[PDB]
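What follows is a single structure, written as structure tokens, with notes after it.
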Amino acid sequence: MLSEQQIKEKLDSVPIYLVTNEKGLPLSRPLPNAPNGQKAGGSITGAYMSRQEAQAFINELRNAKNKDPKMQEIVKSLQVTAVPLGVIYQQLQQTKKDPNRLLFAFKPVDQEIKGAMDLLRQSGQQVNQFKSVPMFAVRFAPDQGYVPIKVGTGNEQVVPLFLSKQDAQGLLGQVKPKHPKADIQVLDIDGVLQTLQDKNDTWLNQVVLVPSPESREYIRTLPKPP
């Protein structure tokens, strides 16, 4: 099976945008005790798949009038911090016993929720709402395998799971001439992760997560390690 370190490195492809102070401390709300006085959480922060959405949240707070003294002081140093998804995953796995642990709520990009529901309709299973962060995978046909792509200089292949539907539609377009039944499957990040945690199937080593075009572009702006 994939190790916890292997799963983290796959997840780390994907940047998550946190609303934080200038030192990266996330803006959060405290969590209540259970009815007897225990906790299954200390505080909760709102994570974003979209940097622009995170920033809009900050701009909204900054622009609100008649703020509290707390509100007021807080907004002065808020910014978006980009964190790899595997770091958050790992942190959640390693803080499970701390009852004051930080929890994260994830906001998917609105366009991708809409895209996910549209695709679900054209597979027979309309939904009235979508939970979790969707992902999109191109298949040769509804009953057939996931389409791989060529990567690097050699003959290595990966099976890409897209966080953005437009990127999956792109690959669909390349496959569809020779595979007229090709389609995009709607997945979600929790379901994929539980598969990577639960299976020994060796081909899952090929799975990669592809973040949105905006995140890929943003990531290209950043200093990186050797």
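Within each chain, counting starts at residue 1; across the structure tokens, chains are named A, B, ... in the order shown, with ligands numbered 1 upward in that order.
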DSSP helix (DSSP H, G or I) selection over stretch 95-163 of chain A, as a list in words: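 Selecting the helix (DSSP H, G or I) positions of stretch 95-163 of chain A gives residues 110, 111, 112, 113, 114, 115, 116, 117, 118, 119, 120 and 121 of chain A.
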Determine, using only C-alpha atoms, which residues of stretch 78-161 of chain A have any atom at most 12 Å from an atom of stretch 3-11 of chain A, and tabulate each with its shortest atom pair and distance in Å to one decimal place, rows ordered by chain and then rising number, as CSV.
residue,atom,partner,partner_atom,distance
A:83,CA,A:11,CA,10.8
A:84,CA,A:11,CA,7.3
A:85,CA,A:11,CA,5.3
A:86,CA,A:8,CA,4.2
A:87,CA,A:8,CA,7.0
A:88,CA,A:8,CA,9.0
A:89,CA,A:8,CA,7.1
A:90,CA,A:8,CA,6.8
A:91,CA,A:8,CA,10.3
A:92,CA,A:8,CA,11.6
A:93,CA,A:4,CA,9.6
A:94,CA,A:4,CA,11.2
A:158,CA,A:10,CA,11.6
A:159,CA,A:10,CA,11.9
A:160,CA,A:10,CA,10.9
A:161,CA,A:10,CA,10.7
Point-to-point distance from atom CA of residue A:148 to atom CA of residue A:206, Å rounded to tenths: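 A separation of 8.6 Å between them.
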Proximity of stretch 97-121 of chain A to stretch 47-62 of chain A: per-residue shortest pair, 8 Å limit, only C-alpha atoms, as CSV:
residue,atom,partner,partner_atom,distance
A:104,CA,A:47,CA,6.2
A:105,CA,A:47,CA,5.7
A:106,CA,A:47,CA,4.8
A:107,CA,A:48,CA,4.8
A:108,CA,A:49,CA,5.4
A:109,CA,A:50,CA,6.0
Atoms to include: C-alpha atoms. Write the selected residues as a compact mmCIF listing (two decimals), in the first residue's frame.
# COMPACT_ATOMS: atom_id res chain seq x y z
CA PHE A 104 -10.21 22.70 9.10
CA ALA A 105 -13.34 23.28 7.00
CA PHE A 106 -12.62 23.19 3.23
CA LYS A 107 -14.32 25.56 0.71
CA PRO A 108 -14.33 24.20 -2.82
CA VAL A 109 -14.35 26.61 -5.80
Non-local contacts of residue A:191 (12 Å; only C-alpha atoms; under 6 positions in same chain excluded) as a list in words: residues 131, 132, 133, 134, 135, 197 and 198 of chain A
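Taking atom CA of residue A:46 and atom CA of residue A:81 as endpoints, the distance between them is 12.1 Å.
Rounded to one decimal, atom CA of residue A:219 and atom CA of residue A:164 lie 15.6 Å from each other.
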Residues flagged strand (DSSP E or B) by DSSP in stretch 21-95 of chain A, as an MDAnalysis selection string: chainID A and resid 26 28:30 43:48 79:84
